[PDB]
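Per-entry structural report
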Amino acid sequence: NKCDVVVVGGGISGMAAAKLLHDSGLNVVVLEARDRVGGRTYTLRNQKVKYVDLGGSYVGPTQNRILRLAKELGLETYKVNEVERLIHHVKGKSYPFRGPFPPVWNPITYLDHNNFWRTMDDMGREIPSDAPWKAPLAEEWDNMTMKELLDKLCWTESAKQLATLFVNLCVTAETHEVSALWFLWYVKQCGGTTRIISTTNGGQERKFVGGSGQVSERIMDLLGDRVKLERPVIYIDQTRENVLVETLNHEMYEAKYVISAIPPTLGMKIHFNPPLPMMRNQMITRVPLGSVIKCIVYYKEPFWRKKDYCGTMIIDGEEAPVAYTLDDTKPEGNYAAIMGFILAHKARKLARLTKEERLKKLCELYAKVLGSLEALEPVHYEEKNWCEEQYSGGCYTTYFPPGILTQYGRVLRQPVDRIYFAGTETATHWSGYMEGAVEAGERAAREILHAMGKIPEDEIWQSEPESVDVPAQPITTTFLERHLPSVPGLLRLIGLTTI
Amino acid sequence: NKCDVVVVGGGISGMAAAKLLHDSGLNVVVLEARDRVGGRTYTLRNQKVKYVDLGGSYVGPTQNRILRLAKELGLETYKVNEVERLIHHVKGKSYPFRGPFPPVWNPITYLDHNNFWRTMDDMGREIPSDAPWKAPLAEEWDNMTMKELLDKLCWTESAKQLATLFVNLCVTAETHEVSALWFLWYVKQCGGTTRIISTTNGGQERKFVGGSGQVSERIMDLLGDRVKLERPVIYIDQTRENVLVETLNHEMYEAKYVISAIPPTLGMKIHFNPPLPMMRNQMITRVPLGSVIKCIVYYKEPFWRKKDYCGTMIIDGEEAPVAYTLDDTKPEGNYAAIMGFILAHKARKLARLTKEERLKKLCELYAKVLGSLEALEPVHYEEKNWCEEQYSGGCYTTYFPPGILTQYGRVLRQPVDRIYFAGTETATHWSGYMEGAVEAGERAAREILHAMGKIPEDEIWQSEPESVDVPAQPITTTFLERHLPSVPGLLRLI
Ligand SMILES: *[C]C1=C([C])[C]=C2C(=[C]1)N([C][C]([O])[C]([O])[C]([O])[C]OP([O])(=O)OP([O])(=O)O[C][C]1O[C](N3[C]=NC4=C3N=[C]N=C4[N])[C]([O])[C]1[O])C1=NC(=O)[N]C(=O)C1=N2/[C]=[C]/[C]=N/[C]1[C][C]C2=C1[C]=[C][C]=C2[O]
Ligand SMILES: *[C]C1=C([C])[C]=[C@@]23C(=[C]1)N([C][C]([O])[C]([O])[C]([O])[C]OP([O])(=O)OP([O])(=O)O[C][C]1O[C](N4[C]=NC5=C4N=[C]N=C5[N])[C]([O])[C]1[O])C1=NC(=O)[N]C(=O)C1=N2/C3=[C]\[C]=N\[C]1[C][C]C2=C1[C]=[C][C]=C2[O]
């Protein structure tokens, strides 16, 4: 029945909002639709895998909020294996390489590639993290898909192919489905292209020893019985003095304040009284989540290490079920495993097959890519298709189709009376990640502490001190990288010497 | 509690599905979220307007299902006023014309305009009505917004402006928000561009004497207490023998079968057990509805008629709140009124203003466009912003963004166990219209009669005889129209 704040959803965002509110002295109830916490993070434990993240997993430098929350809860990180060579597989052939980026040899191609990654960052510098619709060319960029932007920028097929795979990997969606403004914002707010794509020194450097699921789990341990499992919220009433929140299993909760810590579109699953304002009413129907299957294939040993590969594969082409892999072996060197994502339209297509048919297609790809028969000899397999989840809607996160971010963007974290909004989609730094869930969660909680007159307005957005355990190297460019011209740029320099 | 079929939603689609099922002898319950029926149709009555459709309104030839259901319920149509000249207002100036299409004088422009309309129809002829994702070039067309198509096709800004207005009017959405495939399908499935845009001989020929809201109303009359108002469906259980449907106000219903007669995306408002299959689970998050405000300004007389205008204005530019108008005067010649739509991003912008501020912006525009002071002298005003409606989501209908129709399109009317799907979005002829709501309703009903073994498989999709009251003239082109070249075409010949 009664409390200070009801928090809808017990994902990392929800759970962090509740921990902060509870730490301040308030009575909080967490209402969770599922028979578990973690939401888009999930750690499976059985004797074959010991543990494994089937959802959100990677953390790295500049993500200091999740690093600190998890450290306070007693968790450690280990480094993802990047000791040996990465592999770029392209037109059915594998090209090993070190350093974060696959090298490019053809000099026209090299100019195209260097110029695309650079323009992404150039364009990002014009887009404010906390208000992407305020970019100078916001309308123009939002009225274009990433497919159109790529068609314009990329003067070689090789760059366009690589860029496309980047978009798919990064946002689990096709280039033609996403707003250019949105995607450009999404990359910028993670610290730019290098930070977002890297293992060493980037978004993929690390994982939690024991799995990311322990973050949500351990906050539930702190909160005890204030977390209610199997309580899908169906109904929110704001017409009376206190807010009434109703659940499917028929309970009623009453509070001063609500934090909604669910995917924006999952707000649809709740009936509102009074009705939502028009903008939010239509916004929650415009913001789908991408499609992905996360697959892990176990082997008796990390056999790729012996051929001097780390396990990272960037695999091109339509025929490949999985376009990106990472070593998923434990710190100890056991439970050898390759993690792979089946992305976007391929998550839709290959969902038709059986678990076993997917296992096979993957082993056959890895065998081809790593050039190793051993890859046909898996000891175990685990997969999750996030597309089938009623209480996630997809993964990793929410994408914005063309024309939406500028028309409805401002509305995402605009409070509706006594409803305040968390969830990683409303974050301003690493939105779409476990990091952004922690940011949005703590900031929504702090918005309420302000409404309650417990803290000053200037205390709502709070900066985070850098992890001492996971420090960030700065992102460096070279002189040439900065100043070498585009393909159209070389061309113009040729039409000018010739005259 | 118990019955044969629960129909979720009491719009025209739901209501037609229930009428048919009940006419067969089955026990049907209609569960309606609102305190009224009609859904996206709504007739307001007060002394000032007598009656007015604030939602779906127009009907015309080739829409035989709505014509017939309405005739059987005792309704009549009248013809929308198109006796005097239409007006094309372009770059701040008004160009009156007769015939369906605003004429084009500059010969390069003429070739661009003729070609754009013609390509739309050519493209449509390769898109199957009942399966758009089976068009030969389905992926290509679906991976492109209408904005990209228009940028390719249109070699003059005048054609591109006119086409863009056409897109906004027709689907209440911006050219950059919509799949090319989807919009091209939408137009073809209404009989092509001429059919969809015309008054005389098209989708805008007619209205119902008394308002279109009487269709839903009268069916509720027939069904009496089988219609439950203020029952938002919150939960559907298919795990047990009979389907269990729960409502917000706390009642439980039990049936052999469910028809869902709501906007696809409004399916999100319902928790399912078992969970929906993956494709539908995601699909219902990918399919928004457009944004529109329907506005009707009353005048003591239909003054435009005296200046030899009918009331139809096609108004260009960003500054104009309303891009399209029609005469909304009653058949008798009284309650003079201009109906106008505020479309797409203009619905979102102008929603910030007050009712009165919108009235003024509109009167000033009409005064300018009709060139009459009388337009500044309104006697009454009514408007509805469909964007604010929790149980509609927007109007007129659902649009498909790029890449969605081919990836999820096959899933819209695929039954989920014992749930079958109606609502105009699942129609194959005038989907998006009251006509499609009737088609999808009767066909979802007939799918259940088949599941029950009451009718053969070949009787699920049934053809409709032509209205004798509202007959269709055939769509004609001229020799020149067919064979005159594009702009790039003239160029190549040079
Ligand atoms: C799924 C996923 C996967 C598979 C993967 C990934 C991901 C995911 N990610 C993401 C994450 O996870 C997220 O962000 C988080 O988790 C979110 O959170 P939040 O905000 O809190 O929310 P959620 O979780 O969802 O929660 C919610 C809750 O609620 C509930 N509900 C609903 N409804 C309702 C409820 N309740 C009551 N009532 C009602 N009505 C539910 O149930 C829940 O619980 C991630 N992240 C991170 O951080 N990391 C990672 O790793 C991840 N992952 C991903 C990754 C990827 N990566 C990649 C590779 C390479 C690359 C990339 C990217 C980019 C670039 C590159 O290069
Ligand atoms: C809104 C609108 C407007 C404003 C206008 C218009 C329209 C609209 N339209 C459309 C119609 O109306 C539609 O289609 C119909 O109505 C639909 O129906 P259905 O399918 O049945 O569905 P609905 O209505 O929505 O219903 C549903 C129901 O349900 C319910 N719910 C929900 N949720 C729930 C429920 N329940 C229980 N539970 C739950 N959960 C709701 O509430 C409801 O009731 C139209 N149409 C026609 O036909 N006509 C007309 O007029 C119309 N409108 C329009 C028009 C326009 N036009 C234009 C001008 C010129 C042009 C155009 C177009 C194109 C071209 C051109 O040129």
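Residues numbered from 1 in each chain as written, not as in the entry; some residues may be left out. Chains lettered and ligands numbered in written order. Heavy atoms only, no water. Residues with missing side-chain atoms left out of burial classes, pairs and counts.

- For this coordinate set, the PDB header names X-ray crystallography as the determination method and states a resolution of 2.50 Å.

1. Brief notes about the packing of helix α3 (residues 107-124) of chain B against helix α5 (residues 146-153) of chain B
Residues and elements named next belong to chain B.
- One can describe the packing of α3 onto α5 by two numbers: an axis separation of 11 Å at closest approach and a directional angle of 130°. One way to sum up the angle between α3 and α5 is to call them oblique. Handedness of the α3/α5 crossing: right-handed. For the pair formed by α3 and α5, the contact residues are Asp 112, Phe 116, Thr 119, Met 120 and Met 123 on the first element and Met 146, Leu 149, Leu 150 and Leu 153 on the second. (Axes fitted to C-alpha atoms, helices over the stretch in contact; angles between N-to-C directions. Helix = DSSP H or I, 4+ residues; strand = E, 2+ residues; numbered from the N terminus. Parallel < 35°, antiparallel > 145°, perpendicular 65-115°, else oblique. Left-handed = near helix turned anticlockwise from the far one by under 90°. Contact = heavy atoms within 4.5 Å.)

2. Quick look at a positive patch on the surface
- Together, A:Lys134, A:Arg410, B:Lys349, B:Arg352 and B:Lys361 make up a region of like positive charge exposed at the surface.
- Along the chain, A:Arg410 falls in the loop between α14 (404-408) and β21 (419-421). (Patch = residues over 30% accessible without salt bridge, like charges linked within 9 Å, V, L, I, M, F, W, Y side chains within 5 Å. Areas by Shrake-Rupley, 256 points an atom, 1.4 Å probe, with all protein chains shown as cover. Salt bridge = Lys/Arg side-chain N within 4 Å of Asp/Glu carboxyl O. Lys, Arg positive; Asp, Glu negative; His and termini not counted. Charge placed at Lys NZ, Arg CZ, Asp CG, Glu CD.)

3. Overview of unusual backbone geometry
Residues and elements named next belong to chain A.
- In this chain, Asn 273 is followed by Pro 274 through a cis amide linkage whose omega measures 5°.
- Structurally, the position occupied by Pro 274 is in the loop between β15 (271-273) and α10 (278-283).
- Residue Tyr 396 is reached from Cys 395 by a cis peptide bond, and omega for that bond is 0°.
- Relative to the elements of secondary structure, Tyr 396 occurs in the loop between β20 (380-385) and α14.

4. Topic: helix α6 (residues 157-171) of chain B
All names here are of chain B.
- With 15 residues, α6 should cover 21 Å at 1.5 Å per step; its first-to-last C-alpha distance of 21 Å lies within 8% of that length.
- Most of α6 sits out of view: 11 of its 15 residues are buried.
- Those residues of α6 not exposed but buried are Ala 159, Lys 160, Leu 162, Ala 163, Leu 165, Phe 166, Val 167, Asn 168, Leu 169, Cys 170 and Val 171.
- Looking one or two residues beyond α6, the residue adopting positive phi is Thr 172, at roughly 45°. (Expected span 1.5 Å × (residues − 1). Buried < 20%, exposed > 50% of the residue type's maximum accessible area, 1.4 Å probe, protein only.)

5. Points about the packing of helix α1 (residues 12-23) of chain A against helix α9 (residues 213-223) of chain A
Residues and elements named next belong to chain A.
- Packing of α1 against α9 brings their axes to within 10 Å, and their N-to-C directions diverge by 30°. Overall, the two elements α1 and α9 adopt an arrangement that is roughly parallel. Along this stretch, α1 crosses α9, giving a crossing that reads as left-handed. Judged by residue contacts, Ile 12, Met 15, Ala 16, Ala 18, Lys 19 and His 22 of α1 engage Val 215, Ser 216, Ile 219, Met 220, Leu 222 and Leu 223 from α9.
- Residues of the contact of α1 with α9, tallied by class, amount to nine nonpolar, two polar and one charged. (Nonpolar A, V, L, I, M, F, W, Y, C, P; charged D, E, K, R; others polar.)

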